[PDB]
């Protein structure tokens, strides 16, 4: 009844968005590994939070300006792990793990298409797939609506830095499964209102046991954390 999400893998303990980090998240008790995706010049999907590789890799530049091959052959994560593609992660873990996958902005129909192509190739969506094995999240309503039009049974989470009744109503209108608000905007009254509308609430990004306890008392259905070991201390 509660979803513990490893934010970019196990970010508090190791490099974000590495297969080593995704594995560490699973080892530390995450229900879901969380991927952020950026579109390469050749319309492949890179596990990368920022539009640019400058902060987290040995390289620089916009992901959209380089081919997947150029990025993976020339650069590594800060501490030397490979920079994984969506394909690399799905090939590594297959149907053994649950994925919480963000389409980063700007909205791009090519990103949505490539995401659905890679998931379908592993049987993670469409016929015979387990509901909740993949949740897709975005700040871009356009990405979630486009995906919902193509694969109506994938649970979708709308990412927001606010938590208003108008946003909950939009989630209902477009058939989204969850609203995913910044955790400091959440109150028990707002969670109860979301629940009354048939929405789940997935809070991000909570990093202390005290703040985890507060969110659980408010009745959130899940949260994203950098520090999975803190959940075992609640």
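Residue numbers count along the first chain shown, from 1.
Between 14-22 and 209-217, the higher mean Cα B-factor belongs to 209-217. Looking at 45-53 and 169-177 together, the entry lists the larger mean B-factor for 169-177, computed on C-alpha atoms. Out of 85, 143, 160, 91, it is 91 whose C-alpha atom has the highest B-factor in the PDB entry.
Per-chain ranking of the deposited C-alpha B factor places residue 130 in the highest third. When the CA B factors of the chain's modelled residues are split into thirds, the value for residue 38 lands in the lowest one. In this PDB entry, residue 118 carries a Cα temperature factor that places it within the middle third of its chain's modelled residues. The PDB entry assigns residue 182 a C-alpha temperature factor belonging to the lowest third of its chain's modelled residues. In the deposited entry, the Cα temperature factor of residue 202 sits in the bottom third of values across the chain's modelled residues.
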